[PDB]
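Undergrad: input.txt is reproduced below (compact mmCIF, C-alpha atoms and all ligand atoms).
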# COMPACT_ATOMS: atom_id res chain seq x y z
CA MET A 1 -90.36 -156.92 -122.70
CA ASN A 2 -93.26 -154.54 -122.60
CA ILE A 3 -96.05 -153.13 -124.68
CA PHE A 4 -93.82 -150.76 -126.48
CA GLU A 5 -91.26 -153.33 -127.49
CA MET A 6 -94.06 -155.76 -128.13
CA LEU A 7 -95.84 -153.52 -130.59
CA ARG A 8 -92.65 -152.33 -132.11
CA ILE A 9 -91.99 -155.86 -133.19
CA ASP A 10 -95.44 -156.51 -134.51
CA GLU A 11 -95.71 -153.22 -136.46
CA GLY A 12 -92.18 -152.46 -137.59
CA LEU A 13 -90.96 -148.93 -138.21
CA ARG A 14 -91.28 -146.97 -141.44
CA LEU A 15 -90.58 -143.42 -142.20
CA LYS A 16 -92.46 -142.90 -145.42
CA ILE A 17 -96.12 -143.37 -145.99
CA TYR A 18 -96.87 -147.02 -146.81
CA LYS A 19 -99.87 -149.26 -147.18
CA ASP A 20 -100.71 -151.49 -144.37
CA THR A 21 -101.89 -155.07 -144.73
CA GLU A 22 -105.45 -153.84 -145.50
CA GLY A 23 -104.04 -151.50 -148.19
CA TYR A 24 -104.43 -148.34 -146.10
CA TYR A 25 -101.99 -145.53 -145.75
CA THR A 26 -99.91 -145.69 -142.69
CA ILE A 27 -96.61 -144.41 -141.40
CA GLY A 28 -94.32 -144.78 -138.41
CA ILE A 29 -95.09 -147.56 -136.01
CA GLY A 30 -98.41 -148.68 -137.37
CA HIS A 31 -99.99 -145.26 -137.22
CA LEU A 32 -102.97 -145.40 -139.52
CA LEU A 33 -103.41 -142.25 -141.40
CA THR A 34 -106.60 -142.66 -143.29
CA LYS A 35 -108.78 -145.28 -144.89
CA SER A 36 -109.22 -143.33 -148.06
CA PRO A 37 -107.60 -144.33 -151.27
CA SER A 38 -106.20 -140.84 -151.71
CA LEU A 39 -102.61 -140.20 -151.07
CA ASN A 40 -103.09 -136.52 -150.80
CA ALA A 41 -105.69 -137.11 -148.25
CA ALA A 42 -103.07 -139.13 -146.40
CA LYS A 43 -100.42 -136.53 -146.74
CA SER A 44 -102.78 -133.97 -145.39
CA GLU A 45 -103.64 -136.17 -142.47
CA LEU A 46 -100.00 -136.59 -141.98
CA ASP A 47 -99.20 -132.92 -141.82
CA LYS A 48 -102.02 -132.30 -139.49
CA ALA A 49 -100.79 -134.91 -137.14
CA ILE A 50 -97.17 -133.90 -137.10
CA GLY A 51 -97.79 -130.21 -137.11
CA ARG A 52 -95.72 -129.38 -140.19
CA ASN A 53 -95.23 -129.83 -143.95
CA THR A 54 -93.76 -133.22 -144.03
CA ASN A 55 -94.08 -134.19 -147.61
CA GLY A 56 -94.92 -137.83 -146.62
CA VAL A 57 -91.77 -138.22 -144.61
CA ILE A 58 -91.09 -137.98 -140.92
CA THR A 59 -88.22 -138.53 -138.53
CA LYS A 60 -87.72 -141.33 -136.04
CA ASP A 61 -88.47 -138.97 -133.24
CA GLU A 62 -91.83 -137.97 -134.79
CA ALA A 63 -92.61 -141.69 -135.35
CA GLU A 64 -92.04 -142.35 -131.77
CA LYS A 65 -94.10 -139.48 -130.70
CA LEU A 66 -97.07 -140.75 -132.71
CA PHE A 67 -96.49 -144.16 -131.26
CA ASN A 68 -96.66 -142.89 -127.70
CA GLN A 69 -99.88 -141.07 -128.28
CA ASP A 70 -101.26 -144.08 -129.96
CA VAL A 71 -100.40 -146.52 -127.16
CA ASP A 72 -101.94 -144.15 -124.67
CA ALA A 73 -105.13 -143.72 -126.68
CA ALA A 74 -105.42 -147.52 -126.91
CA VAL A 75 -105.23 -147.89 -123.19
CA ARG A 76 -107.64 -145.19 -122.46
CA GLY A 77 -109.96 -146.38 -125.13
CA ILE A 78 -110.09 -149.70 -123.24
CA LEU A 79 -110.59 -148.15 -119.83
CA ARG A 80 -113.40 -146.11 -121.25
CA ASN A 81 -115.16 -149.12 -122.68
CA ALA A 82 -117.80 -150.71 -120.51
CA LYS A 83 -117.48 -154.06 -122.06
CA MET A 84 -113.71 -154.16 -122.10
CA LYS A 85 -112.68 -152.54 -118.90
CA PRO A 86 -113.73 -155.31 -116.72
CA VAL A 87 -112.09 -157.88 -118.84
CA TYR A 88 -108.89 -155.99 -118.84
CA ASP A 89 -109.04 -155.36 -115.12
CA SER A 90 -109.42 -159.05 -114.47
CA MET A 91 -106.10 -159.88 -116.13
CA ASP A 92 -102.39 -159.90 -115.29
CA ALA A 93 -99.85 -157.62 -116.85
CA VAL A 94 -98.78 -159.74 -119.74
CA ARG A 95 -102.22 -160.55 -120.83
CA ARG A 96 -103.20 -156.92 -120.59
CA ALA A 97 -100.41 -156.13 -122.98
CA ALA A 98 -101.93 -158.56 -125.38
CA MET A 99 -105.28 -156.91 -125.30
CA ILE A 100 -103.84 -153.51 -125.84
CA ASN A 101 -101.99 -155.05 -128.89
CA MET A 102 -105.32 -156.07 -130.32
CA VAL A 103 -106.92 -152.76 -129.61
CA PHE A 104 -104.04 -150.95 -131.17
CA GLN A 105 -104.17 -152.92 -134.33
CA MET A 106 -107.85 -153.03 -134.84
CA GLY A 107 -109.54 -150.37 -132.88
CA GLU A 108 -112.03 -150.41 -130.06
CA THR A 109 -114.62 -151.57 -132.44
CA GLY A 110 -112.76 -154.44 -133.99
CA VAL A 111 -111.91 -155.72 -130.51
CA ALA A 112 -115.38 -155.37 -129.20
CA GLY A 113 -116.63 -158.23 -131.62
CA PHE A 114 -114.60 -160.78 -129.67
CA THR A 115 -117.34 -160.88 -127.11
CA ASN A 116 -117.24 -164.53 -126.72
CA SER A 117 -113.51 -164.80 -126.47
CA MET A 118 -113.58 -162.02 -123.87
CA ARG A 119 -116.07 -163.78 -121.72
CA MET A 120 -113.72 -166.75 -121.72
CA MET A 121 -110.94 -164.49 -121.01
CA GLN A 122 -112.71 -163.11 -118.08
CA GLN A 123 -113.50 -166.62 -116.84
CA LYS A 124 -109.79 -167.42 -117.37
CA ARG A 125 -110.37 -170.33 -119.72
CA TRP A 126 -107.24 -169.68 -121.69
CA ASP A 127 -106.90 -172.59 -124.02
CA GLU A 128 -110.51 -172.20 -124.94
CA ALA A 129 -110.23 -168.56 -125.49
CA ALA A 130 -107.12 -169.14 -127.68
CA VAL A 131 -109.12 -171.47 -129.84
CA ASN A 132 -111.99 -169.08 -130.19
CA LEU A 133 -109.71 -166.12 -131.02
CA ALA A 134 -108.34 -168.12 -133.96
CA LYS A 135 -111.75 -168.35 -135.61
CA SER A 136 -111.53 -164.87 -136.97
CA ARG A 137 -110.78 -162.89 -140.07
CA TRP A 138 -108.03 -161.36 -137.96
CA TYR A 139 -106.24 -164.61 -137.55
CA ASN A 140 -106.83 -165.56 -141.22
CA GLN A 141 -105.40 -162.29 -142.46
CA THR A 142 -102.35 -161.74 -140.23
CA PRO A 143 -101.78 -165.16 -138.89
CA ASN A 144 -98.22 -164.84 -137.58
CA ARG A 145 -99.02 -161.72 -135.52
CA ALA A 146 -102.23 -163.29 -134.46
CA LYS A 147 -100.44 -166.44 -133.27
CA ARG A 148 -98.03 -164.35 -131.25
CA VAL A 149 -100.82 -162.45 -129.51
CA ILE A 150 -102.77 -165.65 -128.95
CA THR A 151 -99.80 -167.46 -127.38
CA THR A 152 -99.44 -164.53 -125.14
CA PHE A 153 -102.96 -164.78 -123.87
CA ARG A 154 -102.87 -168.51 -123.51
CA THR A 155 -99.58 -168.61 -121.70
CA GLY A 156 -99.45 -165.40 -119.78
CA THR A 157 -95.69 -165.22 -120.86
CA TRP A 158 -93.56 -163.28 -123.46
CA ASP A 159 -92.28 -166.51 -124.97
CA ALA A 160 -93.69 -165.80 -128.38
CA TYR A 161 -91.82 -162.67 -128.55
CA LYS A 162 -88.41 -163.86 -127.32
CL CL A 201 -103.13 -138.03 -134.49
CL CL A 202 -98.89 -161.69 -139.88
How does this structure look as C-alpha cells?
Ligand SMILES: [Cl-]
Ligand SMILES: [Cl-]
TA:
Amino acid sequence: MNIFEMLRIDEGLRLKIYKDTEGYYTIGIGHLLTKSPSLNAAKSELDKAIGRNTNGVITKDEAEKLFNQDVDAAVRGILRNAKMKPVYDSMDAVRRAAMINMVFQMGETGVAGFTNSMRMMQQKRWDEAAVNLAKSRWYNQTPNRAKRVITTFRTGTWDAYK
C-alpha cells in the first residue's frame, strides 16, 4: 500500500468526463477539470491538459499521467505551505499519505481550514484529532472516504484500506 494505490481506491478510474461528487467535471483518477458548468469549457481544459483533441475521452496511460502530475503537485503544494509543512514533517509515512489524500481531494485551501485538527495532529493527539476531523462538511459529504482517511490518521496503519 502506498499513496498511489490509496488514492486510486478512493477516486476510482474513469475515462470519459464525469461529474464528481460536487457536480464538477472530472476525468481520470479524480483529476478535476473545471468548476464551470460548461462542458465545452471542460473539454477545452481537457485538451489543453492532454495536449491533443481528445473529444472528452482519454486513454488509461493519459489518466495515469495526469494522476502522477497531480500527486506530485499535492506533495509540493504541502511542502510549500508554511502552515502545513511542519505538520507533515512531524508525521510518519502512513499519516503523511493521509494528508496528501486530503490535499489531493480538496486542495491546499480546503485543507488549510483544518487548523485545529492539524494542531492536534502535530501534538500527536490522534483520537482527538479524528474526532475533530469528523466535524466537517467533508465528512458529511463523503463520509466513507472520510472515515477511511480518518482511520488512517488515528491508527497510523493501512487497515482501512485492506
Ligand atoms: Cl493539468
Ligand atoms: Cl464517500
Undergrad: Please check which protein, DNA or RNA residues sit within 10 Å of ligand CL 201 (chain A), counting all atoms listed in the file, and write them as a short mmCIF file (atom, residue, chain, number, x, y, z; two decimals) with C-alpha atoms, in the frame of the given file.
TA:
data_model
loop_
_atom_site.label_atom_id
_atom_site.label_comp_id
_atom_site.auth_asym_id
_atom_site.auth_seq_id
_atom_site.Cartn_x
_atom_site.Cartn_y
_atom_site.Cartn_z
CA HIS A 31 -99.99 -145.26 -137.22
CA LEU A 32 -102.97 -145.40 -139.52
CA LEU A 33 -103.41 -142.25 -141.40
CA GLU A 45 -103.64 -136.17 -142.47
CA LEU A 46 -100.00 -136.59 -141.98
CA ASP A 47 -99.20 -132.92 -141.82
CA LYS A 48 -102.02 -132.30 -139.49
CA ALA A 49 -100.79 -134.91 -137.14
CA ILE A 50 -97.17 -133.90 -137.10
CA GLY A 51 -97.79 -130.21 -137.11
CA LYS A 65 -94.10 -139.48 -130.70
CA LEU A 66 -97.07 -140.75 -132.71
CA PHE A 67 -96.49 -144.16 -131.26
CA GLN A 69 -99.88 -141.07 -128.28
CA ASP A 70 -101.26 -144.08 -129.96
CA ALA A 73 -105.13 -143.72 -126.68
#
Undergrad: Which neighbours of residue 121 of chain A fall inside 12 Å, counting only C-alpha atoms, when residues of the same chain fewer than 6 positions from it are skipped, and could you give them as number ranges by chain?
TA: A: 84, 86-92, 95-96, 98-99, 114-115, 127-133, 150, 153-154, 156
Undergrad: Taking C-alpha atoms for each residue, export the selection above as a tab-separated table (two decimals), in the coordinates of the input.
TA:
chain	number	residue	atom	x	y	z
A	84	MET	CA	-113.71	-154.16	-122.10
A	86	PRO	CA	-113.73	-155.31	-116.72
A	87	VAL	CA	-112.09	-157.88	-118.84
A	88	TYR	CA	-108.89	-155.99	-118.84
A	89	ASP	CA	-109.04	-155.36	-115.12
A	90	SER	CA	-109.42	-159.05	-114.47
A	91	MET	CA	-106.10	-159.88	-116.13
A	92	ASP	CA	-102.39	-159.90	-115.29
A	95	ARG	CA	-102.22	-160.55	-120.83
A	96	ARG	CA	-103.20	-156.92	-120.59
A	98	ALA	CA	-101.93	-158.56	-125.38
A	99	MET	CA	-105.28	-156.91	-125.30
A	114	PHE	CA	-114.60	-160.78	-129.67
A	115	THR	CA	-117.34	-160.88	-127.11
A	127	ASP	CA	-106.90	-172.59	-124.02
A	128	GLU	CA	-110.51	-172.20	-124.94
A	129	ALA	CA	-110.23	-168.56	-125.49
A	130	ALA	CA	-107.12	-169.14	-127.68
A	131	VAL	CA	-109.12	-171.47	-129.84
A	132	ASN	CA	-111.99	-169.08	-130.19
A	133	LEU	CA	-109.71	-166.12	-131.02
A	150	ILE	CA	-102.77	-165.65	-128.95
A	153	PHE	CA	-102.96	-164.78	-123.87
A	154	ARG	CA	-102.87	-168.51	-123.51
A	156	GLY	CA	-99.45	-165.40	-119.78
Undergrad: With 10 Å as the cut-off and only C-alpha atoms and all ligand atoms counted, what is the closest atom pair between each nearby residue of chain A and ligand CL 202 (chain A)? Distances in Å to one decimal, ordered by chain and number, as CSV.
TA:
residue,atom,partner,partner_atom,distance
A:10,CA,A:CL202,CL,8.2
A:11,CA,A:CL202,CL,9.7
A:21,CA,A:CL202,CL,8.7
A:138,CA,A:CL202,CL,9.3
A:139,CA,A:CL202,CL,8.2
A:140,CA,A:CL202,CL,8.9
A:141,CA,A:CL202,CL,7.0
A:142,CA,A:CL202,CL,3.5
A:143,CA,A:CL202,CL,4.6
A:144,CA,A:CL202,CL,4.0
A:145,CA,A:CL202,CL,4.4
A:146,CA,A:CL202,CL,6.6
A:147,CA,A:CL202,CL,8.3
A:148,CA,A:CL202,CL,9.1
Undergrad: Atom CA of residue 112 of chain A and atom CA of residue 83 of chain A, how far apart in Å?
TA: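 A separation of 7.6 Å between them.
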Undergrad: Mind giving me the straight-line distance from atom CA of residue 16 of chain A to atom CA of residue 59 of chain A in Å, one decimal?
TA: 9.2 Å
Undergrad: Could you tell me which of A:2, A:117, A:54, A:36 comes closest to residue 134 of chain A if we count only C-alpha atoms?
TA: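 Using only C-alpha atoms, residue 134 of chain A sits closest to A:117.
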Undergrad: Report, in Å with one decimal, the straight-line distance from atom CA of residue 126 of chain A to atom CA of residue 102 of chain A.
TA: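 Calculated distance between atom CA of residue 126 of chain A and atom CA of residue 102 of chain A is 16.2 Å.
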Undergrad: Give the answer as one residue: which of A:94, A:106, A:111, A:29 has the shortest atom-to-atom distance to residue 155 of chain A, using only C-alpha atoms?
TA: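 Looking at the shortest contact to residue 155 of chain A, the residue is A:94.
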Undergrad: As lines of an AutoDock Vina configuration file, please: the centre and edge lengths in Å, to one decimal, of an axis-aligned box enclosing every listed atom of segment 16-21 of chain A with 8 Å added on each side.
TA:
center_x = -97.2
center_y = -149.0
center_z = -145.8
size_x = 25.4
size_y = 28.2
size_z = 18.8
Undergrad: Take segment 93-115 of chain A, bring it up to N, CA and C atoms, and give me the output as a PDB file, keeping the file's coordinate frame.
TA:
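File part.pdb, as written:
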ATOM      1  N   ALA A  93    -100.512-158.595-116.019  1.00  0.00           N
ATOM      2  CA  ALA A  93     -99.850-157.620-116.850  1.00  0.00           C
ATOM      3  C   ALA A  93     -99.543-158.055-118.281  1.00  0.00           C
ATOM      4  N   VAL A  94     -99.081-159.280-118.447  1.00  0.00           N
ATOM      5  CA  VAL A  94     -98.780-159.740-119.740  1.00  0.00           C
ATOM      6  C   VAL A  94    -100.028-159.762-120.587  1.00  0.00           C
ATOM      7  N   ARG A  95    -101.038-160.375-120.054  1.00  0.00           N
ATOM      8  CA  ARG A  95    -102.220-160.550-120.830  1.00  0.00           C
ATOM      9  C   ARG A  95    -102.823-159.225-121.164  1.00  0.00           C
ATOM     10  N   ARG A  96    -102.717-158.290-120.253  1.00  0.00           N
ATOM     11  CA  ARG A  96    -103.200-156.920-120.590  1.00  0.00           C
ATOM     12  C   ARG A  96    -102.502-156.343-121.830  1.00  0.00           C
ATOM     13  N   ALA A  97    -101.187-156.620-121.883  1.00  0.00           N
ATOM     14  CA  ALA A  97    -100.410-156.130-122.980  1.00  0.00           C
ATOM     15  C   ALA A  97    -100.980-156.735-124.236  1.00  0.00           C
ATOM     16  N   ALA A  98    -101.434-157.980-124.105  1.00  0.00           N
ATOM     17  CA  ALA A  98    -101.930-158.560-125.380  1.00  0.00           C
ATOM     18  C   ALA A  98    -103.181-157.883-125.845  1.00  0.00           C
ATOM     19  N   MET A  99    -104.036-157.532-124.899  1.00  0.00           N
ATOM     20  CA  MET A  99    -105.280-156.910-125.300  1.00  0.00           C
ATOM     21  C   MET A  99    -105.044-155.527-125.851  1.00  0.00           C
ATOM     22  N   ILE A 100    -104.104-154.808-125.282  1.00  0.00           N
ATOM     23  CA  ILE A 100    -103.840-153.510-125.840  1.00  0.00           C
ATOM     24  C   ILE A 100    -103.286-153.664-127.279  1.00  0.00           C
ATOM     25  N   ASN A 101    -102.484-154.744-127.520  1.00  0.00           N
ATOM     26  CA  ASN A 101    -101.990-155.050-128.890  1.00  0.00           C
ATOM     27  C   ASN A 101    -103.158-155.125-129.872  1.00  0.00           C
ATOM     28  N   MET A 102    -104.178-155.907-129.491  1.00  0.00           N
ATOM     29  CA  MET A 102    -105.320-156.070-130.320  1.00  0.00           C
ATOM     30  C   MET A 102    -106.017-154.743-130.527  1.00  0.00           C
ATOM     31  N   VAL A 103    -106.168-153.986-129.445  1.00  0.00           N
ATOM     32  CA  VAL A 103    -106.920-152.760-129.610  1.00  0.00           C
ATOM     33  C   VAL A 103    -106.181-151.776-130.453  1.00  0.00           C
ATOM     34  N   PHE A 104    -104.881-151.841-130.352  1.00  0.00           N
ATOM     35  CA  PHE A 104    -104.040-150.950-131.170  1.00  0.00           C
ATOM     36  C   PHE A 104    -104.179-151.312-132.634  1.00  0.00           C
ATOM     37  N   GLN A 105    -104.147-152.566-132.934  1.00  0.00           N
ATOM     38  CA  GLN A 105    -104.170-152.920-134.330  1.00  0.00           C
ATOM     39  C   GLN A 105    -105.527-152.772-134.966  1.00  0.00           C
ATOM     40  N   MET A 106    -106.566-153.025-134.211  1.00  0.00           N
ATOM     41  CA  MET A 106    -107.850-153.030-134.840  1.00  0.00           C
ATOM     42  C   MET A 106    -108.892-152.113-134.255  1.00  0.00           C
ATOM     43  N   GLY A 107    -108.546-151.284-133.305  1.00  0.00           N
ATOM     44  CA  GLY A 107    -109.540-150.370-132.880  1.00  0.00           C
ATOM     45  C   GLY A 107    -110.542-151.036-131.999  1.00  0.00           C
ATOM     46  N   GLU A 108    -111.090-150.153-131.164  1.00  0.00           N
ATOM     47  CA  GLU A 108    -112.030-150.410-130.060  1.00  0.00           C
ATOM     48  C   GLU A 108    -113.190-151.286-130.447  1.00  0.00           C
ATOM     49  N   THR A 109    -113.542-151.010-131.684  1.00  0.00           N
ATOM     50  CA  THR A 109    -114.620-151.570-132.440  1.00  0.00           C
ATOM     51  C   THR A 109    -114.322-153.012-132.835  1.00  0.00           C
ATOM     52  N   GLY A 110    -113.232-153.148-133.585  1.00  0.00           N
ATOM     53  CA  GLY A 110    -112.760-154.440-133.990  1.00  0.00           C
ATOM     54  C   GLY A 110    -112.719-155.307-132.766  1.00  0.00           C
ATOM     55  N   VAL A 111    -112.049-154.877-131.690  1.00  0.00           N
ATOM     56  CA  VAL A 111    -111.910-155.720-130.510  1.00  0.00           C
ATOM     57  C   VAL A 111    -113.177-156.060-129.756  1.00  0.00           C
ATOM     58  N   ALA A 112    -114.131-155.141-129.857  1.00  0.00           N
ATOM     59  CA  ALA A 112    -115.380-155.370-129.200  1.00  0.00           C
ATOM     60  C   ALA A 112    -116.231-156.570-129.727  1.00  0.00           C
ATOM     61  N   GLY A 113    -116.003-157.009-131.003  1.00  0.00           N
ATOM     62  CA  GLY A 113    -116.630-158.230-131.620  1.00  0.00           C
ATOM     63  C   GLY A 113    -116.065-159.635-131.202  1.00  0.00           C
ATOM     64  N   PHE A 114    -115.157-159.605-130.223  1.00  0.00           N
ATOM     65  CA  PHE A 114    -114.600-160.780-129.670  1.00  0.00           C
ATOM     66  C   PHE A 114    -115.300-161.000-128.349  1.00  0.00           C
ATOM     67  N   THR A 115    -116.592-160.780-128.354  1.00  0.00           N
ATOM     68  CA  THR A 115    -117.340-160.880-127.110  1.00  0.00           C
ATOM     69  C   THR A 115    -117.195-162.185-126.426  1.00  0.00           C
TER      70      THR A 115
END
